[PDB]
Amino acid sequence: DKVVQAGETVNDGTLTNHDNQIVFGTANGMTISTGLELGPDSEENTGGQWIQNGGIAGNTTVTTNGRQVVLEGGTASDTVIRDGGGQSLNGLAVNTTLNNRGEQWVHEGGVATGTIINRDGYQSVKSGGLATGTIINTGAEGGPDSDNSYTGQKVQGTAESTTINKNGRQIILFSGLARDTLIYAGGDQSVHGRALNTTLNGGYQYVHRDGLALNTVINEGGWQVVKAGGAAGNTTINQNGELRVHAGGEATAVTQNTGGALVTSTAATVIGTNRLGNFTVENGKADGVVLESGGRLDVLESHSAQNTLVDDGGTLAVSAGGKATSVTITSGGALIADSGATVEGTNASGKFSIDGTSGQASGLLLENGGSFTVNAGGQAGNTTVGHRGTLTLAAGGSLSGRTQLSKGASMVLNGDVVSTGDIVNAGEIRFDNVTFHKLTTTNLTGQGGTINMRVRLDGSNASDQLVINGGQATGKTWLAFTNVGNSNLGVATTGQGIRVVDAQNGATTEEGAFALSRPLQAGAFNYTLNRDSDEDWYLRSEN
Ligand SMILES: [Mg+2]
């Protein structure tokens, strides 16, 4: 048991085999490799280096099993804690570096400045301690879904001037404060206490139940997530940043700049000012919201929205029972709703309305992930489905006027449908749900575009079916059949065949109107699509 007394500099050496070194003067260049054999969580340990009040340790290396205890008024310079060593800090530590399960506990009254947490190292600031000028490079390599709180920085006290690099993680517990942080892309900070003055230069900030975040700026690639029961105030959403406010979250004094994404629901609280004026999402009522660049507003059941602008890259999602009036969707805006929602506004091509009370819609335009669902007994008129838009019809839906499908458009049919107007398909219609449906239209105009249909080639003469009611089938439209019966079994067709397009009440079809997209064989037969004199089209057997 060496005792370095005051003004007696010890200037190299090691420490082993549960031996203590009591420092009252100066002890440079030590190797502490004893005292922590039993693990950080036991008062059963003997050995290590103990810097007393007024003592100094410079360029110590605490390696596996080594324990360095700095008491009140001691100091530890340029310390390397690695490979499962630890430092218990009640005084001053300057320029510590933590590698591979090296730990630093800064207990009440302790102060650590310049700690670099390098990989699988850990700095725990117990309540009443202070960490200043920390660099965190680890803790967050498992992604936003990693629940790792065992490496990185955990604060129960206070952390000032922290830089969080890729893979770095800061957890602020209930009692904790983190003031002035810069969080780069790949790194994150989890806030359960107080985070104040945070710069997300592509970094992530999670604000959980009972966490307060004040003065966060979200630059490009950054993310502020306010969970239920968390609260953020005075956030600035710069271009290509997003603020996420969950049901039960507080977002007050939000500055949504141009290019800023806002993702929230009427079940949260978001007050602020965007590039068009003031906005409020409060108590189930949103007024003035501007969804762009990945922003989403969900108007849940029995809430309301007015003066919403859905711009290119934004999404308005109105649940059934929600209302949203004076909507303006610019070309490239997405609208998700069904015939039980109530929406009014204007889109890229004029006025539109969904009246959830009667279940009739008129003039929709579904682009870029927009979607509408016509529920049972509903009716959508003059629909325009664009690239990446979807129109789904529940069993018992109706169409009215001209249903136009642009290239890249989807229309899914989950049961029998009647259009009392014109379907114009340049995209893809698809009979899905194993029951077979009938799509009745007055006129079909094919502009390319497959209708994906289903067939049983197993002795049934059973299939999906198109019906031209009184009108005409023109253009060119591809038919894609899938055999849903017993495969490798093919039965012969009987007489005229499986009727797939039925012309009725005087309907005519043109002669190159329909065409098999790919061959249809089952078992020993090739199934061929043939138009006859009755204007109807049939599936028949080959050789
Ligand atoms: Mg701990």
# chains A, B, ... in the order shown; residues from 1 in each chain; ligands from 1
$ residues_near_ligand --ligand "ligand 1" --cutoff "9 Å" --atoms "only C-alpha atoms and all ligand atoms" --output "MDAnalysis selection string"
chainID A and resid 105 123:126 150 154
$ residues_around --residues "residue A:484" --least-positions-apart "6" --cutoff "9 Å" --atoms "only C-alpha atoms" --output "PDB file with C-alpha atoms, in the first residue's frame"
ATOM      1  CA  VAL A 434     -62.505 -16.693 -52.619  1.00  0.00           C
ATOM      2  CA  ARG A 454     -59.420 -14.465 -61.302  1.00  0.00           C
ATOM      3  CA  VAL A 455     -60.618 -17.774 -62.716  1.00  0.00           C
ATOM      4  CA  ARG A 456     -61.238 -21.385 -61.672  1.00  0.00           C
ATOM      5  CA  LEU A 457     -60.115 -23.730 -64.483  1.00  0.00           C
TER       6      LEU A 457
END
$ closest_residue --among "A:262, A:284, A:341, A:227" --to "residue A:310" --atoms "only C-alpha atoms"
A:262
$ select_by_dssp --residues "stretch 98-208 of chain A" --states "strand (DSSP E)" --output "JSON, numbers by chain"
{"A": [98, 99, 103, 104, 105, 106, 111, 112, 113, 116, 117, 118, 119, 122, 123, 124, 125, 130, 131, 132, 135, 136, 152, 153, 154, 155, 158, 159, 160, 161, 162, 163, 164, 169, 170, 171, 172, 177, 178, 179, 180, 181, 182, 183, 184, 188, 189, 190, 191, 194, 195, 196, 197, 198, 199, 200, 201, 204, 205, 206, 207]}
$ closest_residue --among "A:84, A:381, A:186, A:506" --to "residue A:473" --atoms "only C-alpha atoms"
A:506
$ decode --residues "stretch 281-308 of chain A" --atoms "N, CA and C atoms" --output "PDB file, in the first residue's frame"
ATOM      1  N   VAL A 281     -53.428  23.183 -33.706  1.00  0.00           N
ATOM      2  CA  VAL A 281     -54.083  21.892 -33.600  1.00  0.00           C
ATOM      3  C   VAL A 281     -54.360  21.708 -32.115  1.00  0.00           C
ATOM      4  N   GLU A 282     -55.624  21.851 -31.732  1.00  0.00           N
ATOM      5  CA  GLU A 282     -55.956  21.929 -30.320  1.00  0.00           C
ATOM      6  C   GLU A 282     -57.359  21.389 -30.084  1.00  0.00           C
ATOM      7  N   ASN A 283     -57.511  20.566 -29.051  1.00  0.00           N
ATOM      8  CA  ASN A 283     -58.839  20.162 -28.600  1.00  0.00           C
ATOM      9  C   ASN A 283     -59.675  19.618 -29.757  1.00  0.00           C
ATOM     10  N   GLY A 284     -59.039  18.868 -30.658  1.00  0.00           N
ATOM     11  CA  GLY A 284     -59.747  18.250 -31.770  1.00  0.00           C
ATOM     12  C   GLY A 284     -60.032  19.141 -32.960  1.00  0.00           C
ATOM     13  N   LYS A 285     -59.455  20.328 -33.004  1.00  0.00           N
ATOM     14  CA  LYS A 285     -59.739  21.297 -34.040  1.00  0.00           C
ATOM     15  C   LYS A 285     -58.407  21.829 -34.532  1.00  0.00           C
ATOM     16  N   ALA A 286     -58.182  21.730 -35.829  1.00  0.00           N
ATOM     17  CA  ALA A 286     -56.979  22.258 -36.443  1.00  0.00           C
ATOM     18  C   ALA A 286     -57.396  23.383 -37.377  1.00  0.00           C
ATOM     19  N   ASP A 287     -56.701  24.520 -37.298  1.00  0.00           N
ATOM     20  CA  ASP A 287     -57.006  25.616 -38.198  1.00  0.00           C
ATOM     21  C   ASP A 287     -55.655  26.093 -38.723  1.00  0.00           C
ATOM     22  N   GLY A 288     -55.491  26.139 -40.048  1.00  0.00           N
ATOM     23  CA  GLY A 288     -54.338  26.816 -40.630  1.00  0.00           C
ATOM     24  C   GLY A 288     -53.126  25.966 -40.907  1.00  0.00           C
ATOM     25  N   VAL A 289     -53.246  24.630 -40.822  1.00  0.00           N
ATOM     26  CA  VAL A 289     -52.099  23.729 -40.956  1.00  0.00           C
ATOM     27  C   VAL A 289     -51.605  23.684 -42.409  1.00  0.00           C
ATOM     28  N   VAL A 290     -50.291  23.499 -42.585  1.00  0.00           N
ATOM     29  CA  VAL A 290     -49.653  23.446 -43.909  1.00  0.00           C
ATOM     30  C   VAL A 290     -48.832  22.156 -43.982  1.00  0.00           C
ATOM     31  N   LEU A 291     -49.377  21.132 -44.624  1.00  0.00           N
ATOM     32  CA  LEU A 291     -48.680  19.858 -44.742  1.00  0.00           C
ATOM     33  C   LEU A 291     -47.894  19.855 -46.040  1.00  0.00           C
ATOM     34  N   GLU A 292     -46.577  19.750 -45.944  1.00  0.00           N
ATOM     35  CA  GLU A 292     -45.726  19.683 -47.116  1.00  0.00           C
ATOM     36  C   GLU A 292     -44.571  18.764 -46.786  1.00  0.00           C
ATOM     37  N   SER A 293     -43.826  18.362 -47.815  1.00  0.00           N
ATOM     38  CA  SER A 293     -42.489  17.807 -47.625  1.00  0.00           C
ATOM     39  C   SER A 293     -42.482  16.656 -46.612  1.00  0.00           C
ATOM     40  N   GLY A 294     -43.482  15.786 -46.687  1.00  0.00           N
ATOM     41  CA  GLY A 294     -43.574  14.682 -45.751  1.00  0.00           C
ATOM     42  C   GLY A 294     -44.433  14.928 -44.526  1.00  0.00           C
ATOM     43  N   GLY A 295     -45.168  16.040 -44.477  1.00  0.00           N
ATOM     44  CA  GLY A 295     -46.033  16.303 -43.352  1.00  0.00           C
ATOM     45  C   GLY A 295     -47.350  15.574 -43.472  1.00  0.00           C
ATOM     46  N   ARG A 296     -47.913  15.232 -42.322  1.00  0.00           N
ATOM     47  CA  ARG A 296     -49.165  14.492 -42.260  1.00  0.00           C
ATOM     48  C   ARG A 296     -50.026  15.062 -41.154  1.00  0.00           C
ATOM     49  N   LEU A 297     -51.282  15.321 -41.466  1.00  0.00           N
ATOM     50  CA  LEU A 297     -52.291  15.614 -40.469  1.00  0.00           C
ATOM     51  C   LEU A 297     -53.323  14.501 -40.526  1.00  0.00           C
ATOM     52  N   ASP A 298     -53.599  13.891 -39.389  1.00  0.00           N
ATOM     53  CA  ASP A 298     -54.689  12.933 -39.266  1.00  0.00           C
ATOM     54  C   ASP A 298     -55.850  13.602 -38.548  1.00  0.00           C
ATOM     55  N   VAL A 299     -56.966  13.764 -39.243  1.00  0.00           N
ATOM     56  CA  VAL A 299     -58.178  14.262 -38.625  1.00  0.00           C
ATOM     57  C   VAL A 299     -58.958  13.035 -38.177  1.00  0.00           C
ATOM     58  N   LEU A 300     -58.839  12.696 -36.896  1.00  0.00           N
ATOM     59  CA  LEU A 300     -59.487  11.510 -36.360  1.00  0.00           C
ATOM     60  C   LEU A 300     -60.994  11.728 -36.242  1.00  0.00           C
ATOM     61  N   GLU A 301     -61.691  10.661 -35.845  1.00  0.00           N
ATOM     62  CA  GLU A 301     -63.148  10.670 -35.804  1.00  0.00           C
ATOM     63  C   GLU A 301     -63.677  11.784 -34.916  1.00  0.00           C
ATOM     64  N   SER A 302     -64.633  12.544 -35.453  1.00  0.00           N
ATOM     65  CA  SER A 302     -65.377  13.590 -34.745  1.00  0.00           C
ATOM     66  C   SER A 302     -64.521  14.802 -34.376  1.00  0.00           C
ATOM     67  N   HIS A 303     -63.351  14.939 -34.990  1.00  0.00           N
ATOM     68  CA  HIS A 303     -62.587  16.174 -34.961  1.00  0.00           C
ATOM     69  C   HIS A 303     -62.767  16.906 -36.289  1.00  0.00           C
ATOM     70  N   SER A 304     -62.117  18.062 -36.415  1.00  0.00           N
ATOM     71  CA  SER A 304     -62.334  18.934 -37.561  1.00  0.00           C
ATOM     72  C   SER A 304     -61.047  19.662 -37.923  1.00  0.00           C
ATOM     73  N   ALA A 305     -60.962  20.011 -39.204  1.00  0.00           N
ATOM     74  CA  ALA A 305     -59.874  20.793 -39.761  1.00  0.00           C
ATOM     75  C   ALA A 305     -60.465  21.820 -40.718  1.00  0.00           C
ATOM     76  N   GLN A 306     -59.986  23.061 -40.651  1.00  0.00           N
ATOM     77  CA  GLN A 306     -60.268  24.004 -41.724  1.00  0.00           C
ATOM     78  C   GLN A 306     -59.025  24.829 -42.019  1.00  0.00           C
ATOM     79  N   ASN A 307     -58.972  25.335 -43.257  1.00  0.00           N
ATOM     80  CA  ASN A 307     -57.828  26.074 -43.785  1.00  0.00           C
ATOM     81  C   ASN A 307     -56.561  25.233 -43.734  1.00  0.00           C
ATOM     82  N   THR A 308     -56.670  24.027 -44.280  1.00  0.00           N
ATOM     83  CA  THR A 308     -55.538  23.146 -44.475  1.00  0.00           C
ATOM     84  C   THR A 308     -55.079  23.267 -45.908  1.00  0.00           C
TER      85      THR A 308
END
